[PDB]
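model.csv (CSV, C-alpha atoms and all ligand atoms) appears below.
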chain,number,residue,atom,x,y,z
A,700,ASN,CA,4.3,-1.0,-35.2
A,701,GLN,CA,6.0,2.4,-35.0
A,702,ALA,CA,3.0,4.1,-36.6
A,703,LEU,CA,0.9,3.2,-33.5
A,704,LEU,CA,2.7,5.7,-31.3
A,705,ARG,CA,2.6,9.4,-32.2
A,706,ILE,CA,5.5,11.6,-31.3
A,707,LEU,CA,4.0,14.9,-30.3
A,708,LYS,CA,5.2,18.5,-30.3
A,709,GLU,CA,4.7,20.6,-27.2
A,710,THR,CA,2.5,23.1,-29.1
A,711,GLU,CA,0.1,20.3,-30.0
A,712,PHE,CA,-1.5,20.0,-26.6
A,713,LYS,CA,-2.4,21.9,-23.4
A,714,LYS,CA,-3.0,20.8,-19.9
A,715,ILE,CA,-6.3,22.1,-18.5
A,716,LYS,CA,-6.9,20.5,-15.1
A,717,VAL,CA,-5.1,18.0,-12.8
A,718,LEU,CA,-7.0,14.7,-12.4
A,719,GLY,CA,-4.6,13.6,-9.6
A,720,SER,CA,-0.9,13.5,-8.7
A,721,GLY,CA,1.4,11.0,-6.9
A,722,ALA,CA,5.0,9.9,-6.8
A,723,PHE,CA,4.5,8.6,-10.3
A,724,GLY,CA,3.9,11.9,-11.9
A,725,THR,CA,0.9,14.1,-12.6
A,726,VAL,CA,-2.1,13.2,-14.8
A,727,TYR,CA,-3.9,16.1,-16.4
A,728,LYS,CA,-7.1,16.5,-18.4
A,729,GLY,CA,-5.9,18.0,-21.6
A,730,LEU,CA,-6.7,19.2,-25.1
A,731,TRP,CA,-5.1,18.0,-28.3
A,732,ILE,CA,-4.8,20.9,-30.9
A,733,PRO,CA,-4.0,19.5,-34.4
A,734,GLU,CA,-1.6,21.7,-36.4
A,735,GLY,CA,-3.6,23.7,-39.1
A,736,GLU,CA,-6.9,23.1,-37.4
A,737,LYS,CA,-9.3,24.9,-35.0
A,738,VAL,CA,-10.5,21.9,-33.0
A,739,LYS,CA,-9.6,21.1,-29.4
A,740,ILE,CA,-9.8,17.4,-28.5
A,741,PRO,CA,-10.0,16.2,-24.9
A,742,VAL,CA,-7.2,13.8,-23.9
A,743,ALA,CA,-5.4,12.5,-20.8
A,744,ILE,CA,-1.8,13.7,-20.3
A,745,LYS,CA,0.7,12.2,-17.9
A,746,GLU,CA,3.7,14.2,-16.8
A,747,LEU,CA,6.4,12.2,-15.3
A,748,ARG,CA,7.9,13.2,-11.9
A,749,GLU,CA,11.7,13.3,-12.6
A,750,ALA,CA,13.4,14.7,-15.6
A,751,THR,CA,15.1,12.0,-17.6
A,752,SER,CA,18.2,11.7,-19.8
A,753,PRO,CA,18.1,10.9,-23.5
A,754,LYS,CA,19.2,7.3,-22.8
A,755,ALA,CA,16.5,6.9,-20.3
A,756,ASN,CA,14.1,8.4,-22.8
A,757,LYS,CA,15.0,5.8,-25.4
A,758,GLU,CA,14.1,3.0,-23.0
A,759,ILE,CA,10.8,4.8,-22.2
A,760,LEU,CA,10.1,5.1,-25.9
A,761,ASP,CA,10.8,1.4,-26.5
A,762,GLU,CA,8.2,0.4,-23.9
A,763,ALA,CA,5.8,3.1,-25.2
A,764,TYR,CA,5.9,1.4,-28.6
A,765,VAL,CA,4.7,-1.9,-27.0
A,766,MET,CA,2.0,-0.1,-25.0
A,767,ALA,CA,0.8,1.6,-28.1
A,768,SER,CA,0.4,-1.9,-29.8
A,769,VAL,CA,-2.3,-3.3,-27.5
A,770,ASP,CA,-5.6,-3.7,-29.4
A,771,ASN,CA,-8.4,-5.0,-27.2
A,772,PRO,CA,-11.8,-3.6,-26.2
A,773,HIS,CA,-11.0,-4.0,-22.4
A,774,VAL,CA,-7.4,-2.7,-22.5
A,775,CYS,CA,-6.4,1.0,-22.8
A,776,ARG,CA,-3.7,1.7,-25.3
A,777,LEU,CA,-1.0,4.4,-25.1
A,778,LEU,CA,-1.6,7.0,-27.9
A,779,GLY,CA,1.4,9.4,-27.9
A,780,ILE,CA,4.5,10.8,-26.2
A,781,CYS,CA,6.2,14.2,-25.9
A,782,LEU,CA,9.9,14.1,-25.1
A,783,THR,CA,10.5,17.3,-23.1
A,784,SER,CA,12.8,17.6,-20.1
A,785,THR,CA,10.1,15.6,-18.3
A,786,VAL,CA,8.3,13.1,-20.5
A,787,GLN,CA,4.6,13.6,-21.2
A,788,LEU,CA,2.4,10.7,-22.4
A,789,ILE,CA,-1.1,10.9,-24.0
A,790,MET,CA,-4.0,8.5,-23.9
A,791,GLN,CA,-7.7,8.6,-24.3
A,792,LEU,CA,-9.7,10.5,-21.7
A,793,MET,CA,-12.2,8.5,-19.8
A,794,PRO,CA,-14.8,11.1,-18.5
A,795,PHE,CA,-16.4,8.6,-16.1
A,796,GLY,CA,-13.1,8.1,-14.2
A,797,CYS,CA,-11.7,5.0,-12.6
A,798,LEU,CA,-13.7,2.1,-11.4
A,799,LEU,CA,-12.6,2.6,-7.8
A,800,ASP,CA,-14.1,6.1,-7.5
A,801,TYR,CA,-17.1,4.9,-9.5
A,802,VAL,CA,-18.1,2.1,-7.1
A,803,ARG,CA,-17.5,4.3,-4.1
A,804,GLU,CA,-19.6,7.0,-5.7
A,805,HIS,CA,-22.5,4.6,-6.5
A,806,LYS,CA,-22.1,2.7,-3.2
A,807,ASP,CA,-25.0,0.4,-2.7
A,808,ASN,CA,-26.6,1.7,-5.9
A,809,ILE,CA,-24.9,-0.7,-8.3
A,810,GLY,CA,-26.7,-3.9,-9.4
A,811,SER,CA,-25.3,-7.4,-9.5
A,812,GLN,CA,-25.4,-7.4,-13.3
A,813,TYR,CA,-22.9,-4.5,-13.5
A,814,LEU,CA,-20.5,-5.9,-10.9
A,815,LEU,CA,-20.3,-9.3,-12.5
A,816,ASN,CA,-19.9,-7.9,-16.0
A,817,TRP,CA,-17.1,-5.7,-14.8
A,818,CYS,CA,-15.3,-8.8,-13.5
A,819,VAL,CA,-15.7,-10.5,-16.9
A,820,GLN,CA,-14.3,-7.5,-18.8
A,821,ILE,CA,-11.3,-7.1,-16.5
A,822,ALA,CA,-10.5,-10.8,-16.8
A,823,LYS,CA,-10.9,-10.6,-20.6
A,824,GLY,CA,-8.4,-7.7,-20.7
A,825,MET,CA,-6.0,-9.5,-18.4
A,826,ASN,CA,-6.3,-12.6,-20.6
A,827,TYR,CA,-5.4,-10.5,-23.6
A,828,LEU,CA,-2.3,-9.1,-21.7
A,829,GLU,CA,-1.3,-12.7,-20.9
A,830,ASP,CA,-1.7,-13.8,-24.5
A,831,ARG,CA,0.5,-10.8,-25.4
A,832,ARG,CA,2.7,-12.1,-22.5
A,833,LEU,CA,2.7,-8.6,-20.9
A,834,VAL,CA,2.7,-8.6,-17.1
A,835,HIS,CA,0.6,-5.8,-15.5
A,836,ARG,CA,2.3,-5.8,-12.0
A,837,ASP,CA,-0.2,-3.2,-10.7
A,838,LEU,CA,-3.8,-4.4,-11.4
A,839,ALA,CA,-6.2,-2.7,-9.0
A,840,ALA,CA,-9.6,-1.0,-9.1
A,841,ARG,CA,-7.8,2.4,-9.4
A,842,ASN,CA,-6.2,1.1,-12.7
A,843,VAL,CA,-9.5,0.1,-14.3
A,844,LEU,CA,-11.1,3.0,-16.2
A,845,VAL,CA,-14.8,3.4,-16.9
A,846,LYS,CA,-15.4,4.1,-20.6
A,847,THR,CA,-19.1,3.8,-20.0
A,848,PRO,CA,-21.0,2.2,-17.1
A,849,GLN,CA,-21.2,-0.9,-19.3
A,850,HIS,CA,-17.6,-0.8,-20.5
A,851,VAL,CA,-14.5,-0.8,-18.4
A,852,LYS,CA,-10.8,-0.9,-19.5
A,853,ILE,CA,-7.5,-1.9,-17.8
A,854,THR,CA,-4.8,0.8,-17.7
A,855,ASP,CA,-1.2,1.3,-16.2
A,856,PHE,CA,0.1,-2.1,-17.1
A,857,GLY,CA,3.8,-2.6,-17.6
A,858,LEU,CA,4.6,0.8,-15.9
A,859,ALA,CA,6.3,-0.5,-12.7
A,860,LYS,CA,9.3,-1.5,-14.9
A,876,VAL,CA,4.7,-0.6,-4.0
A,877,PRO,CA,1.1,-1.7,-3.7
A,878,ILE,CA,1.8,-4.4,-1.1
A,879,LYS,CA,-1.8,-5.0,-0.3
A,880,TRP,CA,-2.5,-6.0,-4.0
A,881,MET,CA,0.6,-8.1,-4.5
A,882,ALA,CA,1.0,-11.9,-4.4
A,883,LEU,CA,3.2,-13.3,-1.6
A,884,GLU,CA,5.9,-14.3,-4.0
A,885,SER,CA,6.0,-10.7,-5.3
A,886,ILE,CA,6.3,-9.3,-1.8
A,887,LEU,CA,9.1,-11.7,-0.8
A,888,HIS,CA,11.1,-12.2,-4.0
A,889,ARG,CA,9.7,-9.4,-6.3
A,890,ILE,CA,8.6,-12.1,-8.7
A,891,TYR,CA,6.0,-10.9,-11.2
A,892,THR,CA,4.1,-13.3,-13.5
A,893,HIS,CA,0.7,-13.7,-14.9
A,894,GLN,CA,-0.2,-15.8,-11.8
A,895,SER,CA,0.8,-12.9,-9.5
A,896,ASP,CA,-1.6,-10.8,-11.7
A,897,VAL,CA,-4.3,-13.3,-10.9
A,898,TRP,CA,-3.7,-12.6,-7.2
A,899,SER,CA,-4.1,-8.9,-7.8
A,900,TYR,CA,-7.2,-9.6,-9.9
A,901,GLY,CA,-8.7,-11.3,-6.8
A,902,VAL,CA,-8.0,-8.1,-4.7
A,903,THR,CA,-9.5,-6.0,-7.5
A,904,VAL,CA,-12.7,-8.0,-7.5
A,905,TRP,CA,-12.8,-7.7,-3.7
A,906,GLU,CA,-12.5,-3.9,-4.1
A,907,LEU,CA,-15.5,-4.0,-6.4
A,908,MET,CA,-17.7,-6.2,-4.3
A,909,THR,CA,-17.0,-4.1,-1.2
A,910,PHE,CA,-17.7,-0.9,-3.2
A,911,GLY,CA,-14.1,0.3,-2.9
A,912,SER,CA,-13.1,-0.6,0.7
A,913,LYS,CA,-9.4,-0.5,1.4
A,914,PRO,CA,-8.0,-4.0,1.6
A,915,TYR,CA,-6.3,-4.8,4.9
A,916,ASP,CA,-7.6,-1.5,6.3
A,917,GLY,CA,-5.5,-0.3,9.3
A,918,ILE,CA,-2.9,-3.0,8.9
A,919,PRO,CA,0.7,-1.9,8.3
A,920,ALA,CA,2.1,-2.8,4.9
A,921,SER,CA,5.2,-4.3,6.6
A,922,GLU,CA,3.0,-6.9,8.3
A,923,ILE,CA,1.1,-8.1,5.2
A,924,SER,CA,3.7,-10.8,4.3
A,925,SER,CA,3.3,-12.2,7.8
A,926,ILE,CA,-0.5,-12.5,7.9
A,927,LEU,CA,-0.5,-14.1,4.4
A,928,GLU,CA,1.9,-16.8,5.5
A,929,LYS,CA,-0.5,-17.6,8.4
A,930,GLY,CA,-3.4,-18.3,6.0
A,931,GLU,CA,-5.2,-15.0,6.6
A,932,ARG,CA,-7.0,-13.5,3.6
A,933,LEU,CA,-9.4,-10.7,2.9
A,934,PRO,CA,-12.9,-11.4,4.4
A,935,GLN,CA,-16.0,-12.4,2.5
A,936,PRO,CA,-17.9,-9.3,1.2
A,937,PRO,CA,-21.4,-9.2,2.6
A,938,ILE,CA,-23.0,-9.2,-0.9
A,939,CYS,CA,-20.9,-12.1,-2.1
A,940,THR,CA,-22.2,-15.7,-2.1
A,941,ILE,CA,-19.7,-18.4,-1.2
A,942,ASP,CA,-19.4,-19.2,-4.9
A,943,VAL,CA,-17.9,-15.8,-5.6
A,944,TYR,CA,-15.7,-15.7,-2.5
A,945,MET,CA,-14.4,-19.2,-3.3
A,946,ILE,CA,-13.1,-18.0,-6.6
A,947,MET,CA,-11.4,-15.0,-4.9
A,948,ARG,CA,-9.8,-17.3,-2.4
A,949,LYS,CA,-8.4,-19.6,-5.1
A,950,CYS,CA,-6.7,-16.5,-6.6
A,951,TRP,CA,-4.8,-16.0,-3.2
A,952,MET,CA,-3.3,-19.4,-2.9
A,953,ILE,CA,0.4,-19.6,-2.0
A,954,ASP,CA,1.1,-22.0,-4.9
A,955,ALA,CA,0.9,-19.7,-7.9
A,956,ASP,CA,0.3,-22.7,-10.2
A,957,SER,CA,-2.8,-23.6,-8.3
A,958,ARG,CA,-4.4,-20.2,-8.9
A,959,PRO,CA,-7.0,-20.0,-11.7
A,960,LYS,CA,-6.0,-18.8,-15.1
A,961,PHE,CA,-7.7,-15.7,-16.5
A,962,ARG,CA,-9.5,-17.6,-19.2
A,963,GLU,CA,-11.0,-19.8,-16.5
A,964,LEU,CA,-12.1,-16.7,-14.7
A,965,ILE,CA,-13.7,-15.4,-17.8
A,966,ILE,CA,-15.8,-18.5,-18.1
A,967,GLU,CA,-16.8,-18.7,-14.5
A,968,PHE,CA,-17.8,-15.1,-14.1
A,969,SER,CA,-19.7,-15.2,-17.4
A,970,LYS,CA,-21.9,-18.0,-16.2
A,971,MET,CA,-22.5,-16.1,-13.0
A,972,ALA,CA,-23.3,-13.0,-15.0
A,973,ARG,CA,-26.2,-14.8,-16.8
A,974,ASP,CA,-27.8,-15.5,-13.4
A,975,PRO,CA,-26.5,-12.5,-11.4
A,976,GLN,CA,-29.0,-12.5,-8.4
A,977,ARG,CA,-28.1,-16.1,-7.6
A,978,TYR,CA,-24.4,-15.2,-7.0
A,979,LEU,CA,-24.6,-11.6,-5.5
A,980,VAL,CA,-27.0,-10.7,-2.7
A,981,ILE,CA,-27.7,-6.9,-3.0
A,982,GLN,CA,-30.4,-5.1,-1.1
A,983,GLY,CA,-32.9,-3.7,-3.6
A,984,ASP,CA,-31.2,-5.4,-6.6
A,985,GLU,CA,-34.6,-5.8,-8.3
A,986,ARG,CA,-34.9,-2.0,-8.5
A,987,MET,CA,-31.4,-1.0,-9.7
A,988,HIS,CA,-31.2,-0.1,-13.4
A,989,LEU,CA,-30.1,-2.9,-15.7
A,990,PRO,CA,-28.8,-1.5,-19.0
A,991,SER,CA,-31.4,-1.6,-21.8
A,992,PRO,CA,-30.6,-2.0,-25.5
A,993,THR,CA,-31.8,1.6,-25.8
A,994,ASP,CA,-29.3,2.9,-23.3
A,995,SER,CA,-26.6,0.6,-24.9
A,996,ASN,CA,-27.1,1.9,-28.4
A,997,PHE,CA,-27.1,5.5,-27.2
A,998,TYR,CA,-23.9,5.1,-25.2
A,999,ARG,CA,-22.0,3.3,-28.0
A,1000,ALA,CA,-23.1,5.7,-30.8
A,1001,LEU,CA,-22.1,8.7,-28.7
A,1002,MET,CA,-18.8,7.9,-27.0
A,1003,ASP,CA,-18.0,4.1,-27.4
A,1004,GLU,CA,-18.0,3.1,-31.1
A,1005,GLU,CA,-15.1,0.6,-30.9
A,1006,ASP,CA,-15.7,-3.1,-31.7
A,1007,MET,CA,-16.8,-5.0,-28.6
B,1,LIG,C1,-9.0,6.2,-9.9
B,1,LIG,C2,-8.8,7.7,-10.0
B,1,LIG,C3,-9.1,8.3,-11.3
B,1,LIG,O1,-8.7,7.7,-12.3
B,1,LIG,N1,-10.0,9.5,-11.4
B,1,LIG,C4,-10.4,10.1,-12.6
B,1,LIG,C5,-10.1,9.6,-14.0
B,1,LIG,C6,-10.6,10.3,-15.3
B,1,LIG,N2,-10.3,9.8,-16.7
B,1,LIG,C7,-9.0,9.3,-17.1
B,1,LIG,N3,-8.7,8.9,-18.5
B,1,LIG,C8,-7.4,8.4,-18.9
B,1,LIG,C9,-6.4,8.2,-17.8
B,1,LIG,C10,-6.6,8.6,-16.4
B,1,LIG,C11,-5.6,8.4,-15.3
B,1,LIG,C12,-4.4,7.5,-15.5
B,1,LIG,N4,-3.7,7.6,-14.3
B,1,LIG,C13,-2.5,6.9,-14.0
B,1,LIG,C14,-4.4,8.5,-13.4
B,1,LIG,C15,-4.1,9.0,-12.0
B,1,LIG,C16,-5.0,10.0,-11.3
B,1,LIG,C17,-6.2,10.5,-12.0
B,1,LIG,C18,-6.5,10.0,-13.4
B,1,LIG,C19,-5.5,9.0,-14.1
B,1,LIG,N5,-7.9,9.1,-16.0
B,1,LIG,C20,-11.3,11.6,-15.2
B,1,LIG,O2,-11.8,12.3,-16.3
B,1,LIG,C21,-12.7,13.3,-16.0
B,1,LIG,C22,-11.6,12.2,-13.8
B,1,LIG,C23,-11.2,11.5,-12.5
B,1,LIG,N6,-11.5,12.1,-11.2
B,1,LIG,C24,-10.4,12.3,-10.2
B,1,LIG,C25,-12.9,12.5,-10.9
B,1,LIG,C26,-13.1,12.5,-9.4
B,1,LIG,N7,-14.1,11.6,-9.0
B,1,LIG,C27,-14.3,10.5,-9.9
B,1,LIG,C28,-13.8,11.0,-7.7
B,2,LIG,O1,1.9,5.9,-17.9
B,2,LIG,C1,1.6,5.0,-18.6
B,2,LIG,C2,2.7,4.1,-19.2
B,2,LIG,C3,4.0,4.8,-19.5
B,2,LIG,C4,5.0,4.0,-20.1
B,2,LIG,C5,4.8,2.6,-20.3
B,2,LIG,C6,3.6,2.0,-19.9
B,2,LIG,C7,2.6,2.8,-19.4
B,2,LIG,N1,1.3,2.1,-19.1
B,2,LIG,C8,0.1,2.4,-19.8
B,2,LIG,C9,-0.5,1.4,-20.6
B,2,LIG,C10,-1.7,1.7,-21.3
B,2,LIG,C11,-2.2,3.0,-21.2
B,2,LIG,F1,-3.4,3.3,-21.9
B,2,LIG,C12,-1.6,4.0,-20.4
B,2,LIG,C13,-0.4,3.7,-19.7
B,2,LIG,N2,0.2,4.7,-18.9
B,2,LIG,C14,-0.7,5.6,-18.2
B,2,LIG,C15,-1.0,7.0,-18.9
B,2,LIG,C16,-0.4,7.3,-20.1
B,2,LIG,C17,-0.7,8.5,-20.7
B,2,LIG,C18,-1.5,9.4,-20.1
B,2,LIG,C19,-2.1,9.1,-18.9
B,2,LIG,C20,-1.8,7.9,-18.3
Written as structure tokens, that's how I'd like the structure from this file.
Amino acid sequence: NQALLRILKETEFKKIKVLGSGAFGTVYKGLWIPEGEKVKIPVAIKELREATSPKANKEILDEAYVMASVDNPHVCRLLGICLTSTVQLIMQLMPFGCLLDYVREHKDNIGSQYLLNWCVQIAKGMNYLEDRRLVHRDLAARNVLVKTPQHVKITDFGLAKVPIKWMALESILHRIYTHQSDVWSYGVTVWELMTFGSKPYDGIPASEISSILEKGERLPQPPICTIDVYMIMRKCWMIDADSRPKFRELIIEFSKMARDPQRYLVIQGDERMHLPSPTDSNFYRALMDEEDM
């Protein structure tokens, strides 16, 4: 639907603060200023790194139309685009930030109910992408945004068209990207969460990752994970892509674990850590998260 993607004028928005910058461009916290109005609406703005040609822009715009067409409570959707010399893209601002920073910031103060529910929601969002037959190619804890502590959303999918330590072996060797290679990255993403944001294969050169994987080496069991959870992660990292679980199977398996969370994650002081109440859930949703879930 063409109406799902707004073409913006440069006067409609202003960048206020950098959220971070890489080789992929700069992402700013911004304000949307509707023409004729006095309101300033917080948004996220992405400025690409290189200036692009009109023909390059058309291809960017074609993909932007697809990314604006996703409609799922656990997937972020692209909202708008501004076609200057460098292209700027607009999406909803998530004030809580990304899930990677969140688990590092709340290290050891996150209960098992949150961690397992995040795994369900990420798998639900990935299952939606598969049903829309869109391959993410860069699923990681940095690309899961926190709408509320109870509600996370996948972002940055489809943009790669390299995160070696998140990629399936077939992607490293043959640059093959499928939904099953997304399942591999999902397993690494869950490992990031269960380790509260540790770096996978920390200290190991990226050039050597393909070698250790062929020998059967995998990421180690997180201390808080029971073998039931680690076994699921290990199945995600099988060489045979068709033997890896499917996302809808991951939804079901983590859902049952989420209804008995202390049986599947061993966390010191779990019986203290705040579980979300209906009171806190109604307040969060009425305030900043009114979408259907
Ligand atoms: C994982 C790093 C991160 O995302 N940090 C933050 C994210 C915020 N909200 C938000 N909303 C929509 C889109 C993005 C976004 C998308 N891409 C590709 C990004 C790259 C770098 C930074 C943000 C990106 N982000 C946010 O709103 C206030 C703040 C942060 N930070 C950096 C707070 C610092 N602290 C959490 C460590
Ligand atoms: O860059 C992109 C992006 C750009 C082109 C094609 C796909 C892309 N994937 C994507 C999917 C959903 C979403 F919600 C945001 C993105 N993004 C990240 C972005 C966009 C605007 C502002 C900040 C960040």
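The space between atom CA of residue A:715 and atom CA of residue A:702 spans 27.2 Å.
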Surroundings of ligand LIG 1 (chain B) up to 7 Å, based on all atoms listed in the file, as an mmCIF file with C-alpha atoms, in the coordinates of the input:
data_model
loop_
_atom_site.group_PDB
_atom_site.id
_atom_site.type_symbol
_atom_site.label_atom_id
_atom_site.label_comp_id
_atom_site.auth_asym_id
_atom_site.auth_seq_id
_atom_site.Cartn_x
_atom_site.Cartn_y
_atom_site.Cartn_z
ATOM 1 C CA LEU A 718 -7.000 14.700 -12.400
ATOM 2 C CA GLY A 719 -4.600 13.600 -9.600
ATOM 3 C CA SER A 720 -0.900 13.500 -8.700
ATOM 4 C CA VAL A 726 -2.100 13.200 -14.800
ATOM 5 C CA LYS A 728 -7.100 16.500 -18.400
ATOM 6 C CA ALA A 743 -5.400 12.500 -20.800
ATOM 7 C CA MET A 790 -4.000 8.500 -23.900
ATOM 8 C CA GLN A 791 -7.700 8.600 -24.300
ATOM 9 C CA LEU A 792 -9.700 10.500 -21.700
ATOM 10 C CA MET A 793 -12.200 8.500 -19.800
ATOM 11 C CA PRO A 794 -14.800 11.100 -18.500
ATOM 12 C CA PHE A 795 -16.400 8.600 -16.100
ATOM 13 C CA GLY A 796 -13.100 8.100 -14.200
ATOM 14 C CA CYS A 797 -11.700 5.000 -12.600
ATOM 15 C CA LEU A 798 -13.700 2.100 -11.400
ATOM 16 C CA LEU A 799 -12.600 2.600 -7.800
ATOM 17 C CA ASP A 800 -14.100 6.100 -7.500
ATOM 18 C CA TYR A 801 -17.100 4.900 -9.500
ATOM 19 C CA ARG A 841 -7.800 2.400 -9.400
ATOM 20 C CA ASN A 842 -6.200 1.100 -12.700
ATOM 21 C CA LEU A 844 -11.100 3.000 -16.200
ATOM 22 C CA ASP A 855 -1.200 1.300 -16.200
#
Under the rule of at most 8 Å, produce a per-residue listing of stretch 802-920 of chain A near stretch 983-991 of chain A: chain, number, name, the closest pair of atoms, and the distance in Å, as JSON lines, using only C-alpha atoms.
{"residue": "A:808", "atom": "CA", "partner": "A:987", "partner_atom": "CA", "distance": 6.7}
{"residue": "A:809", "atom": "CA", "partner": "A:987", "partner_atom": "CA", "distance": 6.7}
{"residue": "A:810", "atom": "CA", "partner": "A:984", "partner_atom": "CA", "distance": 5.5}
{"residue": "A:811", "atom": "CA", "partner": "A:984", "partner_atom": "CA", "distance": 6.9}
{"residue": "A:812", "atom": "CA", "partner": "A:989", "partner_atom": "CA", "distance": 6.9}
{"residue": "A:813", "atom": "CA", "partner": "A:989", "partner_atom": "CA", "distance": 7.7}
{"residue": "A:849", "atom": "CA", "partner": "A:990", "partner_atom": "CA", "distance": 7.6}
Please check which protein, DNA or RNA residues sit within 7 Å of ligand LIG 2 (chain B), counting all atoms listed in the file, and write them as a PyMOL selection string.
chain A and resi 726+743-745+759+762-763+766+775-777+788-790+854-858
Which residues are close to stretch 921-923 of chain A, i.e. within 7 Å by all atoms listed in the file, leaving aside same-chain residues fewer than 3 positions away? Reply as a PyMOL selection string.
chain A and resi 879+926-927
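Taking atom CA of residue A:884 as the reference point, atom CA of residue A:956 is found at 11.8 Å.
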Using all atoms listed in the file, pick whichever of A:826, A:847, A:725, A:969 has the shortest atom-to-atom distance to residue A:995.
A:847
Nearest-residue call for residue A:848, choices A:950, A:781, A:755, A:1002, using only C-alpha atoms
A:1002
Some atoms are missing, so please complete stretch 845-860 of chain A with N, CA and C atoms and return it as a CSV table (one decimal), keeping the file's coordinate frame.
chain,number,residue,atom,x,y,z
A,845,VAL,N,-13.4,3.6,-16.4
A,845,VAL,CA,-14.8,3.4,-16.9
A,845,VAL,C,-15.0,4.2,-18.2
A,846,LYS,N,-15.1,3.5,-19.3
A,846,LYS,CA,-15.4,4.1,-20.6
A,846,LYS,C,-16.9,4.5,-20.6
A,847,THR,N,-17.7,3.6,-20.4
A,847,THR,CA,-19.1,3.8,-20.0
A,847,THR,C,-19.4,2.9,-18.8
A,848,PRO,N,-20.6,3.1,-18.2
A,848,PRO,CA,-21.0,2.2,-17.1
A,848,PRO,C,-21.0,0.7,-17.5
A,849,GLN,N,-21.2,0.5,-18.8
A,849,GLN,CA,-21.2,-0.9,-19.3
A,849,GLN,C,-19.9,-1.3,-19.9
A,850,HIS,N,-18.8,-0.5,-19.8
A,850,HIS,CA,-17.6,-0.8,-20.5
A,850,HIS,C,-16.4,-0.3,-19.8
A,851,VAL,N,-15.6,-1.2,-19.2
A,851,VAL,CA,-14.5,-0.8,-18.4
A,851,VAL,C,-13.2,-1.3,-19.1
A,852,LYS,N,-12.1,-0.6,-18.8
A,852,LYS,CA,-10.8,-0.9,-19.5
A,852,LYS,C,-9.7,-0.9,-18.5
A,853,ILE,N,-8.7,-1.8,-18.7
A,853,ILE,CA,-7.5,-1.9,-17.8
A,853,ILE,C,-6.5,-0.9,-18.3
A,854,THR,N,-5.8,-0.2,-17.4
A,854,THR,CA,-4.8,0.8,-17.7
A,854,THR,C,-3.5,0.5,-16.8
A,855,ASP,N,-2.5,1.3,-17.1
A,855,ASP,CA,-1.2,1.3,-16.2
A,855,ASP,C,-0.4,0.1,-16.2
A,856,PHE,N,-0.6,-0.8,-17.1
A,856,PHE,CA,0.1,-2.1,-17.1
A,856,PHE,C,1.5,-1.9,-17.7
A,857,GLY,N,2.5,-2.6,-17.2
A,857,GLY,CA,3.8,-2.6,-17.6
A,857,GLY,C,4.6,-1.4,-17.1
A,858,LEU,N,4.0,-0.5,-16.3
A,858,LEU,CA,4.6,0.8,-15.9
A,858,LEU,C,5.6,0.6,-14.8
A,859,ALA,N,5.4,-0.4,-13.9
A,859,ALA,CA,6.3,-0.5,-12.7
A,859,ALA,C,7.8,-0.8,-13.2
A,860,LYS,N,8.0,-1.3,-14.4
A,860,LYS,CA,9.3,-1.5,-14.9
A,860,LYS,C,9.8,-0.3,-15.7
